[PDB]
């Protein structure tokens, strides 16, 4: 006579949301798809001080999901829409700290009063991609445990050290934990943003988000107060990094903007789509339509091989997320060309070239890569495009890419700089000393020896200069042909074949675009280096 399985533990998900409408469709979409039984899950949502339609998005989602969960608590407040003592929407004044602390205490009291086993705090911009995160956190059997969320930088939802006054302290252990070099659940003095409290443990009764502990003497900060509360309760905060759990945006400054926040979370979605499928939104919420543009450029090109469908879709998704429209140029497959078609185009390798690394001659793929860029150069001159931006099909976008690239071009044109080529993504080779800065143009340098063609801006003058050199009779890899044309290539023999090397080439500083996969990374694809010489099979 067997006893049935136990039901899953009872969890209350507590969600405080202020100015989160940009993130809720994806964040709430992740939460609703958690692999934890919904009848064993309850929802506690509090929103207030919203300058956007956060209240409406939450209400639309709650009405659609209410009948699926154990219970829903909904605490909206439409007015006021900003704190009276705030300096901005991203400023954390004492009134904001006190209110947030009281909300988490209210959510904790709710979880206790409803006899829940756990309360799960998730910040409205924290994306829990792993549906097993809640189950995994429960399995660790801790009183307070947080999953380590990834960010674009070293930031994460934990500290490895804390001073005697509650300030952050960096320890050597932080980096290996952050990079998942050491995997496990580590005792840390601080966790926040997303963490799990075990309300079955007797010691959890002594935890409080508000008021501060009677012996508290530190700053009126919400996460420090709770950390000190676990200290007095003798409750050890833990962070677990045993696998990927989710992603979170790096917090902004007090004087930042709501657009900075919205674009920052968009970068989280971009970072997810680097090595994961896109994080889908909730099927009960619709994100607002986006209007793509060309960022003021005359044209935006995207070189993509017709067979690389995965790259095309990832790039088209990334560009649509950033409201950027491109012209999809079908790349020239160098492997598909036979020797006769190469001769039909009159293509001859530069006499004596060898790969700077393994010494192999020009490959068929490198030939096609050069031809695709060359064809875009012709189209720039044919259409008379003053400024055009060229993309490859495997690049990772930096945060605030669109605004930062538009601001750079605006500064370039305002100073009347005579430019031919502007690197957006490259491999800088002169690293012993900084490259020469461009006067009166911030974030721009004179390009020294470089070695990539991920992304760049090209002028009509610069397009003519490349075609004028007629590189087809002396073809090099395009990422080496350019440093020849602005006279930075180390091999003097290569530059000797090119009589005029007057190209004006610059680079963004810091770079705005990096490769998605590097050599040796899982999934790295280099159709240029397919070990196939251009001359013949």
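Positions refer to the first chain, counted from 1.
*Asks:* Between 489-497 and 50-58, point out the one with the higher average CA B-factor as the PDB entry records it.
*Replies:* Stretch with the greater average CA B-factor: 489-497.
*Asks:* I need to verify one thing: averaged over C-alpha atoms only, is the B-factor higher for 105-113 or for 316-324?
*Replies:* Comparing 105-113 with 316-324, the higher mean C-alpha B-factor belongs to 316-324.
*Asks:* Looking at 39, 32, 509, 470, which one carries the largest C-alpha B-factor according to the PDB entry?
*Replies:* Highest C-alpha B-factor among the listed residues goes to 470.
*Asks:* Quick one: which of 332, 203, 188, 272 shows the highest Cα temperature factor in the PDB entry?
*Replies:* Comparing C-alpha B-factors across 332, 203, 188, 272, the maximum falls on 332.
*Asks:* Place residue 25 in the lowest, middle or highest third of its chain's C-alpha B-factors, as listed in the PDB entry.
*Replies:* For residue 25, whose C-alpha B-factor we compare with every modelled residue in the chain, the answer is the middle third.
*Asks:* Against its chain's modelled residues, does residue 19's Cα B factor rank lowest, middle or highest third?
*Replies:* Ranked within chain, residue 19 CA B lands in the lowest tercile.
*Asks:* Sort the modelled residues of this chain by their C-alpha B factor and say whether residue 66 lands in the lowest, middle or highest third.
*Replies:* Answer is middle: the recorded C-alpha B-factor places it there.
*Asks:* Ranking every modelled residue in this chain by its Cα temperature factor as given in the entry, which third contains residue 336?
*Replies:* Highest third - that is where residue 336 ends up once the chain's C-alpha B-factors are sorted.
*Asks:* Ranking every modelled residue in this chain by its Cα temperature factor as given in the entry, which third contains residue 253?
*Replies:* For residue 253, whose C-alpha B-factor we compare with every modelled residue in the chain, the answer is the lowest third.
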